[PDB]
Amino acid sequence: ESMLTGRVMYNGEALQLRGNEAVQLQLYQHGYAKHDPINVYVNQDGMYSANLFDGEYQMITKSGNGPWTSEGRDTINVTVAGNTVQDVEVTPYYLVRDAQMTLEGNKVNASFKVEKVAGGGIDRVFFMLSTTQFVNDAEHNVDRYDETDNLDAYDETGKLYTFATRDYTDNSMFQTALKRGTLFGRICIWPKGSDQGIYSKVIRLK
């Protein structure tokens, strides 16, 4: 069996997603009308891998699934002949730019800049803390902190967003992560209309 791999990307760059099983691509072998696809998951770094027999496939994003619009959505004809690469281009709503999360004693200061692509408005923004690198909207074994006011005031490319400072003095997992020297963070923009967040890269704060 061969491996079909690739990236979900925009303008040359793989997207930062919720890994696990939240974002799926579809592979069709009998035409789109037959509505019988193979499921392929996309990881937190925008990469997918599928174990397939050689042959002809049509690959497409799953309608409505992922922090992007249907712009340019169409089937991509793929010939799998041994291990094969095929990227998928999408148009995101937003990207999280210049993400910074800094540790100051027991406090965390997080900020970022908005890049507006398709746009449509920002539903919520939040950051996550974790003792490991696997951090997303559901997995965050130290904290998740959301802000939801005035987000329309940041709905423009280049706008700097600064979170309220958060103190983690009595969080045993946090204090342990400090002492073990292992604290990870991530930031998310949730676009209005999206089923999924778009993220910064994972940041190691300590």
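Numbering starts at 1 and runs along the sequence shown.
Taking the mean C-alpha B-factor of each stretch as recorded, 98 to 106 and 79 to 87 are not equal, and the higher mean is that of 98 to 106. Here the stretch with the larger average CA B-factor, out of 148 to 156 and 41 to 49, is 148 to 156. Each of 162, 69, 61, 58 has a CA temperature factor in the record; the biggest one is found at 162. When all modelled residues of the chain are sorted by CA temperature factor, residue 24 is found within the middle third. Looking at the C-alpha B-factors along this chain, the one for residue 134 belongs to the highest third. Looking at the C-alpha B-factors along this chain, the one for residue 114 belongs to the highest third. Per-chain ranking of the deposited C-alpha B factor places residue 204 in the middle third. Ranked within its chain, residue 175 lands in the middle third, by CA B factor from the PDB record.
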